[PDB]
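Enquirer: A single structure is presented below for examination.
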Amino acid sequence: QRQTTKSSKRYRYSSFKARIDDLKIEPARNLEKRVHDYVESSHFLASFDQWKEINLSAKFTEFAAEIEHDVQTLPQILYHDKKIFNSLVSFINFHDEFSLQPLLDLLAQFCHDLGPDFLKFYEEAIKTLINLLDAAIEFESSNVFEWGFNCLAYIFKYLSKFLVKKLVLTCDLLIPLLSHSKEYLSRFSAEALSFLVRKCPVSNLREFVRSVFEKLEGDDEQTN
Amino acid sequence: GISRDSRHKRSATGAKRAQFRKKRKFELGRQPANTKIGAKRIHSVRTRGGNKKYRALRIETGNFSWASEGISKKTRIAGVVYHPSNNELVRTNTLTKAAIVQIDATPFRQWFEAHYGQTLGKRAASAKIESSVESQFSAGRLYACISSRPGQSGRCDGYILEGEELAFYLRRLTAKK
Amino acid sequence: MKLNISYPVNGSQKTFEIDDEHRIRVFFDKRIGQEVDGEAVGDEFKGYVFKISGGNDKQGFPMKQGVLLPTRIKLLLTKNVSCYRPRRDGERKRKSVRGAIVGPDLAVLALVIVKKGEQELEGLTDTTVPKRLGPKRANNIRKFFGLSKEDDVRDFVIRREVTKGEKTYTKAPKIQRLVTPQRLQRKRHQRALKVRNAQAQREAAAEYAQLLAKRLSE
Amino acid sequence: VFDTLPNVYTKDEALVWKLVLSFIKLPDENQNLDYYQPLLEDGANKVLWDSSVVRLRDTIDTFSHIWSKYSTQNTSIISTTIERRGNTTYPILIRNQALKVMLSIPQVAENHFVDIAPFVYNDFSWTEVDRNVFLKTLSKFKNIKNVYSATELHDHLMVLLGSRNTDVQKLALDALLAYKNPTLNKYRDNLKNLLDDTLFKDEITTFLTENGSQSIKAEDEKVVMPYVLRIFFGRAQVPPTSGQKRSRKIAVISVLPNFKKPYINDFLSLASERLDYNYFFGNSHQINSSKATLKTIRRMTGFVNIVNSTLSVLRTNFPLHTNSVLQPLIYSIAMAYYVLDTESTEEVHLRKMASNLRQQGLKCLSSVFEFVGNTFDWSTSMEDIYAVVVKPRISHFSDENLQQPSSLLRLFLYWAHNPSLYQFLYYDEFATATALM
Amino acid sequence: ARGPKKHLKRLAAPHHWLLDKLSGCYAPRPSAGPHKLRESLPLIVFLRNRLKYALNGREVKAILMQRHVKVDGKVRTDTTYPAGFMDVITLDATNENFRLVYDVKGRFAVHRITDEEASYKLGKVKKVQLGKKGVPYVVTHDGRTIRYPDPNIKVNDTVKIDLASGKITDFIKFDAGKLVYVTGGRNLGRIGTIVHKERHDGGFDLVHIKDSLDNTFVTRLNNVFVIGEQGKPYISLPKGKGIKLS
RNA sequence: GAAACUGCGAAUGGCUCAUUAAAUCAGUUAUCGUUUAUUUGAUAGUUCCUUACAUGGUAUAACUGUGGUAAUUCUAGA
RNA sequence: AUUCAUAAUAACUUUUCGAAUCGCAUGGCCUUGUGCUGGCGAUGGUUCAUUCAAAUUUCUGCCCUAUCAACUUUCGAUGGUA
C-alpha cells in the first residue's frame with residue numbers, strides 16, 4: 001500500500017525508496033522549455049551560461065573558470081574537444097553532488113554538439129557514468145540517480161543511429177549496470193537501453209536478440 | 001494561611017506599611033509537621049521546581065552515628081528528653097532538630113563487643129571509652145542529639161552525645177529536673 | 001420509580017417501571033453495594049438476587065457512593081472521581097450529588113443481576129450482545145486463545161468482515177507489544193551504543209592521564 | 001465450565017477427581033503418533049518452468065504440488081490419511097486448566113491428596129504459574145494438618161518459604177499459617193509485615209532486636225526461629241544490583257548478630273545445606289561426580305559471600321561448626337582448584353568464576369583464622385586444610401605471591417605468629433616454611 | 001508577569017540588529033541558546049535583513065526546513081536560534097562560510113570565510129572547574145563544556161576549538177601584549193593590543209588597551225576577548241581590522 | 001483520518017492606573033543566600049554474588065447499549 | 001575570601017535513575033540458523049554547565065503639612081540563641 005489518498009498538507013516526507021519507486025526516466029515523456037534546445041548560439045555554451053548563473057559550488061566554479069576561458073564558440077569546441085572532455089571527466093570523478101548536476105547536463109549537451117565525433121570519448125564516458133551511479137548507491141540521492149540516468153538517456157537519444165548500428169557493444173557496456181544487484185539500477189538502465197531497443201530496426205534487432213539470449217545462457221546462474 | 005513576606009511587619013523606624021499587593025505564591029509557608037514517635041508515617045509535599053520534600057508525621061527508628069568511632073547504626077528512638085526551644089515539645093514528644101532523645105544501645109554495644117572483643121560494664125587503650133558513656137551503656141539507653149530536619153527530609157539522623165556536649169546537657173537535665 | 005436492570009453476563013439490560021410502594025419499601029434504607037431479593041421485589045424475579053448499583057433522583061442528580069446521607073449534598077469533587085469530568089487540569093468543581101442511601105425520591109434505581117433466578121426474563125436473560133472488540137496486545141491474544149508461548153499470534157489475530165457495496169473487506173488490529181526483528185535491532189543498538197561510548201571515555205581519560213604524567217615528568 | 005463445575009461436582013466428586021488428576025498427569029506423559037511410514041520414493045522433477053510473475057508462480061506451484069503428490073503417491077496417501085484423521089495432542093496448558101479447577105474446588109484435593117503429594121515431594125518440570133496456583137490451593141485447604149503426609153508437606157513448605165521469590169514466600173507463609181498453632185497466631189501479623197517490602201527494615205529493628213518491647217519470648221523463639229531464618233534467607237538471596245538492595249542485604253546480616261548461638265549456627269547450616277560436602281568426606285579428598293558446573297560453583301560463590309559478610313559483622317562472637325562452616329569452605333576451594341586444573345582455558349566464564357571463588361575462599365579462610373585463631377580446636381581438620389593448602393600453592397607460592405600481602409600469605413603469618421598453630425609447618429617437610437624462605 | 005516572557009517589541013530589541021521601526025511591532029525574540037539575549041543574532045535576522053536571501057519569515061522557514069543552514073557544524077531548524085559572536089554559519093548550496101564577528105561601528109558583520117578557516121572556532125575560556133568523578137572541564141563563552149583540558153588553561157584565556165570533533169586544538173594565554181578583541185561596551189569592535197590589566201579585588205578589573213595607531217582606551221575584563229599574539233590574529237579580521245577613526 | 005486518551009500551551013499577548021510617598025521606580029550592587037520547563041554542550045558497560053527479556057500486568061477513555069432531568073461544555077449503571 | 005569544586009569512609013531510604021518506546025531503510029557475516037551483527041533520527045532520562053528567567057538584595061534620590069514633636073513594643077517593636 002503506497003501513498004494512495006494524498007493529504008491536505010504541502011510537504012510530505014518521501015523517503016528515498018519512495019522517491020525511487022516514483023521515479024521514471026523518459027524526458028520525452030517529460031517536457032519543459034528546454035534551454036539548450038531553445039537558444040541556439042551553441043548548445044554547450046547556452047547550457048554553460050545558464051548553469052553559471054544557477055549554480056554556485058566550488059567544483060563547478062573551478063570547472064567554469066577553465067572551460068570559460070576555453071569555449072565561447074563552436075570551432076573552439078571542435079578544436080579543443082579533448083581538453084573539455086578530460087576536465088569534465090575529472091570533476092565527475094571528483095564526485096560532488098552540488099556540482100554533479102551541471103556537469104551531467106553539460107556532458108549531454110557536449111555530446112549533442114559533438115555528435116558523430118563523440119564516438120571515441122563515448123566508451124570511457126559511459127565508464128565514468130556507471131562508476132558515478134555505483135557511488136550514488138553508496139551515497140543515496142534520488143537526485144543523482146535521476147540526473148545520471150537522464151544523461152544516459154540523452155546520450156543514447158543524441159547518438160541514436162550509431163549505437164543502433166552497433167547495439168551489441170552498448171549492451172556489453174551496460175551489462176555491469178543491467179545485471180547489477182539492485183532493483184532500481186536494473187530498472188533504470190533497462191529503461192534507457194529499452195529506448196534504444198525501440199529505436200533499432202529489424203536486422204540489428206535480430207542480432208541483438210540472438211546475442212542477448214546467448215548472454216543469458218551464459219548467465220544461467222544469474223536471475224537479476 | 002501562612003505566608004512569610006516582609007510587607008506586613010512594622011518598618012525599621014517604627015512605621016506601619018500600607019499594603020502593596022496580594023499575597024504571592026513564592027512567599028508561602030506550610031503547616032508544621034509535629035513529628036511524633038509512633039509507626040512510620042510520611043507525607044510527600046510537592047515544592048517549587050517539581051521537587052519532592054518528605055514530611056514525617058510519626059517515625060520510630062532512626063540512624064544514629066557514633067562520632068568518636070566514626071560508625072553509624074540504625075536504632076529505635078525511645079523518647080524525647082530535652083529540647084532547647086520548648087518543653088512543650090519535650091512533653092508532647094515532638095521530633096525536631098537539636099532534640100535530645102534516648103535511643104536503644106544494643107546495636108552499639110553489639111558492635112563494640114564484636115569489634116573490641118570486650119563486653120561493656122561490670123588494644124586496651126582503644127577499648128577504653130568515657131565514663132558517662134559507659135554508665136549509659138549500663139543503664140540501657142544512650143543520649144543522642146538529633147541533627148536531621150525530620151519535617152524536611154523525613155529522616156531522624158543524629159549523633160551520640162560525646163564528652164563536652166554530654167557534660168553540658170547532663171548539667172542541663174539535672175538542673176532542670 | 002424506574003428500575004434499570006442489567007445482566008452483565010449477557011451484557012444485556014432493560015428497564016421496568018415500578019408503581020406500587022411495597023417493593024420500594026423493600027428497597028428503602030439500603031445503600032449502593034448492598035443486596036436485595038427479587039422475590040421480595042415481585043413475582044417474575046423469583047430466585048433472582050440484585051445489587052443496588054446506582055440511580056438518579058427525581059431531578060437528575062446521580063447517586064454517589066461514599067456519602068451516606070439520603071439527601072442531596074454539595075461535594076468538592078476532584079480529578080479521579082465519578083459523577084464529574086474535569087474540563088481543565090487540576091480543576092476541582094463543587095457539585096450537587098445525591099447520597100447513597102436509597103430513599104423514596106429516586107427516579108431511577110439501577111441494579112445488576114448477580115444470580116439468575118428460575119424464570120427467563122424477556123430482554124435480560126434470553127438475548128445477548130457480543131463484545132465489540134478483541135484483544136490487541138500479543139499476550140492478551142495468547143491468553144484469550146490459550147495459545148502456547150511457542151506459537152505465533154499473527155496467524156491468530158481476530159478479523160472483522162466489513163462490507164461496502166460489493167467490495168468485501170477484512171480488518172484486524174495492529175498487535176501492539178509484539179516482538180519483531182525491529183525491536184531486536186533496537187535493543188542491540190542500545191547495547192552497542194553504551195559499549196562504544198564507554199570505550200571512548202576510557203580512551204580519552206587515558207590520553208589525558210598520559211599528557212598529565214608527561215607534563216609532570218617534564 | 002469454570003463457573004458450571006463447582007455446582008455439579010457434588011453429584012459425582014470421584015470421577016471429576018479422576019479427570020482432574022488425569023489432566024495433571026497428561027502434559028508430563030508422552031504422546032506418540034508413530035504412524036506407518038512407507039519406503040521413500042524419489043519422485044520429483046521440475047515439471048514446469050519457474051517464472052517471475054507472481055500469479056503464474058502460484059498456479060505453477062499448485063500444479064507442481066499436485067504432481068509431486070501423484071508421483072510419490074504412497075507417502076502422500078499416508079500424509080493425507082494422517083491429516084484427515086486429525087490431531088489428538090493435548091495442548092500444554094491443560095495442567096493449568098486443571099489446576100484452576102482444583103483451586104476452585106479445594107475440598108476434593110483436601111480429601112484425597114495421596115496423588116498430589118508425589119508432585120510436591122518430587123518438587124516438580126512444572127512452571128512458576130502452575131506452582132503458584134497449586135500453592136494457592138494449599139492455602140485454601142481447610143483441614144490442613146490432617147493431610148496424608150503433614151510433616152513432609154511442612155518440610156517442603158518451609159523450603160519454598162526459604163525460596164527467593166517473595167510471591168512464593170507469601171504463598172508458603174500463608175500455607176504455614178493455615179497450619180494452626182497459637183504461637184504463629186500470636187506473631188501472625190509480624191511475619192506478614194516482614195514479607196512486606198516497605199516495612200522490612202523498620203520491622204527488623206522493631207521486634208527482632210534483643211531486650212525491647214514486642215520482642216520474641218524464649219519458648220516462642222524456640223518455636224518460631226526456623227520461620228524467621230527461612231524468610232531472612234530469602235531476603236539475603238536478593239541480589240545486590242542497586243543501593244537499596246545492597247542496603248537490604250547488609251541490614252539482614254547486620255541484625256543477625258543478636259539472635260543466639262545455635263540459631264546463628266542453624267542459619268549457616270541452611271546456607272551450607274544447599275551445598276554438599278559428603279562427597280569429599282565420604283571419600284577423603286576425591287570428587288565422585290565431575291560436577292564442574294556453573295550451577296554448583298555459583299552456589300559455592302553465594303555461600304562464601306554470605307560467609308564473608310557474616311564474619312565481617314561477627315568478627316569474634318560467631319560459632320564455627322565443622323559440619324556446616326569449615327567443611328563446605330574447603331570443599332569450595334578444592335572445587336575451585338579442581339575446575340581450574342580439569343577444564344581448559346577456553347571456558348572463560350567458568351574459569352573467571354573459578355578465580356573469584358578461589359579469591360573469596362582464601363579471603364574467608366584468612367579472615368576466620370584471624371578472627372578465631374586459638375579459640376577452638378583444629379586437630380580434626382588440620383590435615384584437610386593443609387591438603388587444600390599444599391596441592392596448588394606451595395609449588396609456586398613464591399612465584400605467585402610476591403607483590404602484596406595475599407590472603408594465603410596473611411594466613412601463613414597468623415600460623416607462624418601463633419604457637420599452637422605451628423602444626424602445619426610441622427605437618428609438611430616445612431614446605432610452607434621454605435615457601436616463606 | 002507570572003512567568004517567562006515570549007514577546008519582544010520592536011523598540012525593545014537590541015539596537016545593533018538594525019531592525020527598522022515600521023515593519024511591525026515585534027522583533028524575533030531569540031530563543032534560549034548558547035549566547036545571551038542582548039548580543040545574539042537570530043537566524044531570521046541574519047538570513048533576511050542581512051543576506052537578503054529571504055523576504056519573509058516563511059521563506060526563512062523554507063530555508064531552514066530544507067536544512068541548508070548549519071551553525072557550528074550542526075544543522076539548525078529553529079528560525080530564532082541565537083547565533084552569537086565568533087560563529088560559523090555555513091550555507092552549502094551557496095558555498096559560503098560566515099564568521100559572525102562585530103564591525104567597527106558596533107554592529108554584527110558578515111565575514112566570508114573559506115573552508116580551512118571555518119573548520120575551527122575560537123572560544124573564551126571563562127570557567128574552569130572540576131566535575132563529577134574528578135574530571136576537569138572548561139566552560140567557554142558559548143556554553144561549550146569541554147572535559148579534560150590542558151592544565152595551563154585558566155579563566156579569560158582563548159581556546160581554539162576544532163568544530164567537527166568539539167575538541168581543543170590549542171590555546172592562547174592572557175598576558176600583556178596579546179591581541180585583544182573588545183566585545184561589549186562603548187568600544188566594541190576595536191581590535192587592540194592589551195597593555196595593562198588594572199586589577200581590583202571585589203570590583204571589576206579594568207584593562208588598558210592600545211591599538212595600532214597607538215590610541216589608548218579602557219574597558220572591562222568582561223568585554224575583553226583575546227584573539228592572538230602581536231600582529232598574528234588567529235582569525236581573519238573584518239575590513240578596517242577594527243580601528244575607530246574620524 | 002473524525003472522536004478520545006497522551007504530550008505541550010493556556011503564566012505570553014491585550015486593557016487599566018484603583019491602591020501604594022523610601023513603597024513602586026531610576027541609576028548602582030549582591031546571591032560565598034536560592035529555584036529554573038525549554039534551548040545548547042557534556043554525562044551513566046558497575047562482570048559475578050545459591051530456589052519470561054525473541055520483550056511482564058492491570059485497567060479505563062472514545063465506542064455499543066440501558067437511563068435520569070425543565071434546564072448547563074450535567075452525567076449514572078452495564 | 002569559604003565548611004568551595006571534588007574525592008573517600010559507615011550506614012540510612014514507604015525512594016529515584018541506570019530506555020519493556022517510535023520512523024525510514026536494509027547492508028555486513030557466516031557454524032545456512034527464518035542464527036549472529038548493522039545505518040540514518042525521533043522521543044525520553046540522572047547530574048553538571050549554559051540560556052530564557054524568578055525571588056530576595058546594597059548605596060543614593062520622592063510633592064504639600066510643626067496651629068502635626070514625640071513615635072514603636074500586651075497584639076514582634078530592636079537584637080541574641082534554638
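Each chain of the C-alpha cells is named A, B, ... in the order shown, its residues numbered from 1; ligands are numbered from 1 in display order.
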Restrict the distance test to only C-alpha atoms (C1' of nucleotides), flag each residue of chain E within 6 Å of chain G, and return the flagged residues as a PyMOL selection string.
Expert: chain E and resi 4+32-33+130+134+143
Enquirer: Those same residues, written as a compact mmCIF listing (two decimals), in the first residue's frame with N, CA and C atoms?
Expert:
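Dumped everything to out22.txt:
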```
# COMPACT_ATOMS: atom_id res chain seq x y z
N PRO E 4 7.73 33.46 32.26
CA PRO E 4 8.71 33.99 31.32
C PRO E 4 8.07 34.63 30.10
N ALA E 32 16.18 30.68 23.78
CA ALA E 32 17.26 30.36 24.69
C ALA E 32 18.28 29.49 23.98
N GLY E 33 19.54 29.71 24.26
CA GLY E 33 20.56 29.05 23.50
C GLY E 33 21.94 29.26 24.05
N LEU E 130 36.17 21.59 38.23
CA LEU E 130 36.37 20.16 38.45
C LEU E 130 35.01 19.49 38.59
N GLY E 134 35.76 13.57 39.35
CA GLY E 134 37.06 14.21 39.35
C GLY E 134 37.63 14.49 37.99
N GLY E 143 28.70 28.31 26.17
CA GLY E 143 28.16 27.16 26.85
C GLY E 143 28.89 25.86 26.62
```
Enquirer: Tell me as a ChimeraX atom specification which residues belonging to chain D come within 8 Å of chain G, counting only C-alpha atoms (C1' of nucleotides).
Expert: /D:198-199,244
Enquirer: Give as a PyMOL selection string every residue of chain E that touches chain F within 9 Å, counting only C-alpha atoms (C1' of nucleotides).
Expert: chain E and resi 1-7+31-35+81+142-147
Enquirer: List the neighbours of segment 46-62 of chain F out to 8 Å using only C-alpha atoms (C1' of nucleotides); skip same-chain residues closer than 5 positions along the sequence, and give me the result as a list in words.
Expert: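 Using only C-alpha atoms (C1' of nucleotides), the neighbours found are residues 179, 180 and 184 of chain C; 160, 162, 163, 164, 165, 237, 239, 240, 274, 298, 299, 300, 301, 302, 303, 305, 353 and 356 of chain D; 3, 4 and 5 of chain F; 20 of chain G.
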Enquirer: Could you go through segment 169-304 of chain D and tell me which residues DSSP, when run on the backbone, assigns to alpha helix (DSSP H), listing them as a PyMOL selection string?
Expert: chain D and resi 169-178+182-186+188-195+200-207+218-237+243-255+261-273+294-304
Enquirer: Would you list the contacts of segment 157-161 of chain C as an mmCIF file with N, CA, C and O atoms, in the first residue's frame, taking every protein, DNA or RNA residue within 12 Å and counting only C-alpha atoms (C1' of nucleotides), but skipping same-chain residues closer than 5 positions in sequence?
Expert:
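Writing the result to part01.cif gives the following:
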```
data_model
loop_
_atom_site.group_PDB
_atom_site.id
_atom_site.type_symbol
_atom_site.label_atom_id
_atom_site.label_comp_id
_atom_site.auth_asym_id
_atom_site.auth_seq_id
_atom_site.Cartn_x
_atom_site.Cartn_y
_atom_site.Cartn_z
ATOM 1 N N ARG C 132 -17.495 -5.963 21.664
ATOM 2 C CA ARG C 132 -17.306 -5.136 20.484
ATOM 3 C C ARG C 132 -15.953 -5.382 19.831
ATOM 4 O O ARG C 132 -15.853 -5.385 18.600
ATOM 5 N N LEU C 133 -14.908 -5.594 20.630
ATOM 6 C CA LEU C 133 -13.547 -5.686 20.129
ATOM 7 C C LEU C 133 -12.846 -6.890 20.732
ATOM 8 O O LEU C 133 -13.217 -7.372 21.801
ATOM 9 N N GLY C 134 -11.820 -7.369 20.032
ATOM 10 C CA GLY C 134 -10.984 -8.437 20.521
ATOM 11 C C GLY C 134 -9.709 -7.893 21.130
ATOM 12 O O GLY C 134 -9.488 -6.682 21.157
ATOM 13 N N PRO C 135 -8.847 -8.769 21.634
ATOM 14 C CA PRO C 135 -7.642 -8.297 22.318
ATOM 15 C C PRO C 135 -6.645 -7.709 21.337
ATOM 16 O O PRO C 135 -6.592 -8.106 20.173
ATOM 17 N N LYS C 136 -5.853 -6.751 21.819
ATOM 18 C CA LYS C 136 -4.895 -6.034 20.990
ATOM 19 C C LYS C 136 -3.450 -6.259 21.398
ATOM 20 O O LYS C 136 -2.560 -6.122 20.563
ATOM 21 N N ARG C 137 -3.173 -6.575 22.656
ATOM 22 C CA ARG C 137 -1.822 -6.986 22.999
ATOM 23 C C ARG C 137 -1.583 -8.427 22.603
ATOM 24 O O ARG C 137 -2.504 -9.244 22.561
ATOM 25 N N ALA C 138 -0.317 -8.745 22.348
ATOM 26 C CA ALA C 138 0.027 -10.097 21.938
ATOM 27 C C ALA C 138 -0.227 -11.092 23.055
ATOM 28 O O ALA C 138 -0.785 -12.168 22.821
ATOM 29 N N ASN C 139 0.144 -10.746 24.281
ATOM 30 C CA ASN C 139 -0.127 -11.655 25.378
ATOM 31 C C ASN C 139 -1.605 -11.720 25.714
ATOM 32 O O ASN C 139 -2.065 -12.753 26.197
ATOM 33 N N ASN C 140 -2.366 -10.661 25.442
ATOM 34 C CA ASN C 140 -3.811 -10.749 25.606
ATOM 35 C C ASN C 140 -4.422 -11.717 24.610
ATOM 36 O O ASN C 140 -5.349 -12.455 24.950
ATOM 37 N N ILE C 141 -3.914 -11.743 23.382
ATOM 38 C CA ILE C 141 -4.405 -12.728 22.426
ATOM 39 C C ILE C 141 -3.992 -14.126 22.846
ATOM 40 O O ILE C 141 -4.768 -15.080 22.723
ATOM 41 N N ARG C 142 -2.775 -14.267 23.365
ATOM 42 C CA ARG C 142 -2.320 -15.570 23.831
ATOM 43 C C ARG C 142 -3.143 -16.066 25.004
ATOM 44 O O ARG C 142 -3.381 -17.268 25.126
ATOM 45 N N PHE C 144 -6.479 -15.046 25.638
ATOM 46 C CA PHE C 144 -7.850 -15.224 25.168
ATOM 47 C C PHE C 144 -8.004 -16.444 24.275
ATOM 48 O O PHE C 144 -9.095 -17.009 24.184
ATOM 49 N N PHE C 145 -6.935 -16.877 23.624
ATOM 50 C CA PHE C 145 -6.986 -18.117 22.878
ATOM 51 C C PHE C 145 -6.312 -19.271 23.595
ATOM 52 O O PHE C 145 -6.429 -20.408 23.133
ATOM 53 N N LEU C 147 -3.103 -19.700 23.699
ATOM 54 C CA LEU C 147 -2.001 -20.096 22.843
ATOM 55 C C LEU C 147 -0.739 -20.318 23.661
ATOM 56 O O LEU C 147 -0.455 -19.580 24.608
ATOM 57 N N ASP C 152 2.867 -18.434 17.366
ATOM 58 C CA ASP C 152 2.819 -17.045 16.948
ATOM 59 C C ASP C 152 1.386 -16.538 16.925
ATOM 60 O O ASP C 152 0.425 -17.303 16.847
ATOM 61 N N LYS C 167 -17.566 -4.673 -2.493
ATOM 62 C CA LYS C 167 -16.202 -4.993 -2.078
ATOM 63 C C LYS C 167 -16.217 -5.464 -0.633
ATOM 64 O O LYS C 167 -16.249 -4.656 0.297
ATOM 65 N N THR C 168 -16.198 -6.778 -0.442
ATOM 66 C CA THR C 168 -15.974 -7.332 0.881
ATOM 67 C C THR C 168 -14.526 -7.088 1.282
ATOM 68 O O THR C 168 -13.629 -7.027 0.438
ATOM 69 N N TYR C 169 -14.297 -6.945 2.581
ATOM 70 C CA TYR C 169 -13.062 -6.355 3.057
ATOM 71 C C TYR C 169 -12.890 -6.802 4.501
ATOM 72 O O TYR C 169 -13.872 -6.978 5.217
ATOM 73 N N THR C 170 -11.658 -7.061 4.913
ATOM 74 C CA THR C 170 -11.416 -7.516 6.273
ATOM 75 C C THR C 170 -10.586 -6.500 7.040
ATOM 76 O O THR C 170 -9.852 -5.701 6.456
ATOM 77 N N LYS C 171 -10.721 -6.529 8.357
ATOM 78 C CA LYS C 171 -9.987 -5.633 9.229
ATOM 79 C C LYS C 171 -9.415 -6.424 10.391
ATOM 80 O O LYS C 171 -9.980 -7.438 10.804
ATOM 81 N N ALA C 172 -8.298 -5.940 10.929
ATOM 82 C CA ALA C 172 -7.617 -6.614 12.023
ATOM 83 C C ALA C 172 -6.707 -5.613 12.704
ATOM 84 O O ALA C 172 -6.185 -4.714 12.043
ATOM 85 N N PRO C 173 -6.497 -5.731 14.007
ATOM 86 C CA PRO C 173 -5.695 -4.740 14.717
ATOM 87 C C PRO C 173 -4.206 -4.925 14.500
ATOM 88 O O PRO C 173 -3.721 -6.001 14.157
ATOM 89 N N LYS C 174 -3.487 -3.827 14.697
ATOM 90 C CA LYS C 174 -2.042 -3.877 14.838
ATOM 91 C C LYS C 174 -1.721 -4.430 16.209
ATOM 92 O O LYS C 174 -2.122 -3.851 17.220
ATOM 93 N N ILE C 175 -1.008 -5.551 16.258
ATOM 94 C CA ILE C 175 -0.790 -6.250 17.519
ATOM 95 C C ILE C 175 0.271 -5.474 18.278
ATOM 96 O O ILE C 175 1.462 -5.675 18.069
ATOM 97 N N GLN C 176 -0.158 -4.585 19.157
ATOM 98 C CA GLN C 176 0.790 -3.829 19.948
ATOM 99 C C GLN C 176 1.487 -4.765 20.921
ATOM 100 O O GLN C 176 0.936 -5.794 21.308
#
```
Enquirer: Write out as a VMD selection string each polymer residue whose atoms come within 7 Å of segment 165-176 of chain E, counting only C-alpha atoms (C1' of nucleotides); drop sequence neighbours fewer than 3 positions from it.
Expert: chain E and resid 156 to 162 194 to 196 228
Enquirer: May I have the selected residues written with N, CA and C atoms, as a PDB file, in the first residue's frame?
Expert:
```
ATOM      1  N   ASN E 156      39.570  33.463  31.375  1.00  0.00           N
ATOM      2  CA  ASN E 156      39.799  34.549  30.418  1.00  0.00           C
ATOM      3  C   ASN E 156      40.857  34.209  29.385  1.00  0.00           C
ATOM      4  N   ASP E 157      40.980  32.953  29.005  1.00  0.00           N
ATOM      5  CA  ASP E 157      42.015  32.604  28.038  1.00  0.00           C
ATOM      6  C   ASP E 157      41.382  32.035  26.786  1.00  0.00           C
ATOM      7  N   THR E 158      41.910  32.379  25.625  1.00  0.00           N
ATOM      8  CA  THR E 158      41.249  31.945  24.409  1.00  0.00           C
ATOM      9  C   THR E 158      41.635  30.506  24.116  1.00  0.00           C
ATOM     10  N   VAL E 159      40.687  29.721  23.620  1.00  0.00           N
ATOM     11  CA  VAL E 159      40.949  28.355  23.209  1.00  0.00           C
ATOM     12  C   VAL E 159      40.455  28.193  21.783  1.00  0.00           C
ATOM     13  N   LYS E 160      41.344  27.780  20.893  1.00  0.00           N
ATOM     14  CA  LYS E 160      40.947  27.429  19.544  1.00  0.00           C
ATOM     15  C   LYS E 160      40.445  26.003  19.555  1.00  0.00           C
ATOM     16  N   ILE E 161      39.191  25.854  19.122  1.00  0.00           N
ATOM     17  CA  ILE E 161      38.392  24.638  19.206  1.00  0.00           C
ATOM     18  C   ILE E 161      38.181  24.100  17.801  1.00  0.00           C
ATOM     19  N   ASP E 162      38.559  22.852  17.589  1.00  0.00           N
ATOM     20  CA  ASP E 162      38.177  22.145  16.384  1.00  0.00           C
ATOM     21  C   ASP E 162      36.707  21.777  16.461  1.00  0.00           C
ATOM     22  N   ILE E 194      46.609  44.494  24.263  1.00  0.00           N
ATOM     23  CA  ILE E 194      46.341  44.800  25.662  1.00  0.00           C
ATOM     24  C   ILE E 194      47.623  45.288  26.319  1.00  0.00           C
ATOM     25  N   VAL E 195      47.545  46.426  27.001  1.00  0.00           N
ATOM     26  CA  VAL E 195      48.712  46.968  27.679  1.00  0.00           C
ATOM     27  C   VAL E 195      48.714  46.529  29.133  1.00  0.00           C
ATOM     28  N   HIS E 196      47.677  46.870  29.895  1.00  0.00           N
ATOM     29  CA  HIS E 196      47.814  46.629  31.325  1.00  0.00           C
ATOM     30  C   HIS E 196      46.487  46.281  31.968  1.00  0.00           C
ATOM     31  N   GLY E 228      44.841  36.718  19.540  1.00  0.00           N
ATOM     32  CA  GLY E 228      46.108  36.107  19.207  1.00  0.00           C
ATOM     33  C   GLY E 228      47.270  36.941  19.681  1.00  0.00           C
TER      34      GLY E 228
END
```
Enquirer: If you take only C-alpha atoms and a cut-off of 7 Å, which residues of chain A touch chain E, and what are their nearest atom pairs and distances in Å to one decimal, in chain and number order, as CSV?
Expert:
```
residue,atom,partner,partner_atom,distance
A:56,CA,E:94,CA,5.4
A:57,CA,E:95,CA,5.6
A:58,CA,E:95,CA,6.7
A:98,CA,E:93,CA,6.9
```
Enquirer: Tell me the residues of chain C close to chain F, meaning within 7 Å using only C-alpha atoms (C1' of nucleotides), as a list in words.
Expert: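 My answer is residues 4, 6, 8, 11, 13, 14, 53, 54, 55, 56, 59, 60, 62, 83, 107, 108, 110, 132, 179, 194, 195 and 198 of chain C.
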Enquirer: Could you list, as a PDB file with N, CA and C atoms, in the first residue's frame, the residues of chain C having an atom within 10 Å of chain D when counting only C-alpha atoms?
Expert:
```
ATOM      1  N   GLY C 146      -5.620 -19.016  24.698  1.00  0.00           N
ATOM      2  CA  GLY C 146      -4.852 -20.065  25.341  1.00  0.00           C
ATOM      3  C   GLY C 146      -3.702 -20.570  24.502  1.00  0.00           C
ATOM      4  N   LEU C 147      -3.103 -19.700  23.699  1.00  0.00           N
ATOM      5  CA  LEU C 147      -2.001 -20.096  22.843  1.00  0.00           C
ATOM      6  C   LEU C 147      -0.739 -20.318  23.661  1.00  0.00           C
ATOM      7  N   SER C 148       0.015 -21.344  23.284  1.00  0.00           N
ATOM      8  CA  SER C 148       1.283 -21.628  23.926  1.00  0.00           C
ATOM      9  C   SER C 148       2.288 -20.525  23.620  1.00  0.00           C
ATOM     10  N   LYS C 149       3.342 -20.465  24.433  1.00  0.00           N
ATOM     11  CA  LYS C 149       4.362 -19.443  24.233  1.00  0.00           C
ATOM     12  C   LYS C 149       5.181 -19.678  22.971  1.00  0.00           C
TER      13      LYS C 149
END
```
Enquirer: Env of segment 233-245 of chain E: 8 Å cut, atoms = only C-alpha atoms (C1' of nucleotides), seq-sep filter 5 positions within chain, self excluded. Answer as a PyMOL selection string.
Expert: chain E and resi 101+103-104+109+111+117+179+189-192+211-212+227-228
Enquirer: Restrict the distance test to only C-alpha atoms (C1' of nucleotides), flag each residue of chain A within 12 Å of chain F, and return the flagged residues as a list in words.
Expert: residues 5, 6, 7 and 8 of chain A
Enquirer: Would you list which chain A residues are within 12 Å of chain G using only C-alpha atoms (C1' of nucleotides), as a VMD selection string?
Expert: chain A and resid 13 to 18 137 to 140 182
Enquirer: How would the residues just chosen look if you wrote them out with C-alpha atoms as a compact mmCIF listing (two decimals), in the first residue's frame?
Expert:
```
# COMPACT_ATOMS: atom_id res chain seq x y z
CA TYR A 13 8.30 13.17 3.91
CA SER A 14 9.06 11.00 0.84
CA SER A 15 11.75 8.55 1.93
CA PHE A 16 14.47 7.60 -0.52
CA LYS A 17 12.94 4.32 -1.68
CA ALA A 18 9.59 6.04 -2.17
CA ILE A 137 24.27 3.81 -4.32
CA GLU A 138 26.90 4.43 -1.65
CA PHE A 139 25.51 7.94 -1.06
CA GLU A 140 21.75 7.55 -1.58
CA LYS A 182 19.94 -3.56 -7.16
```
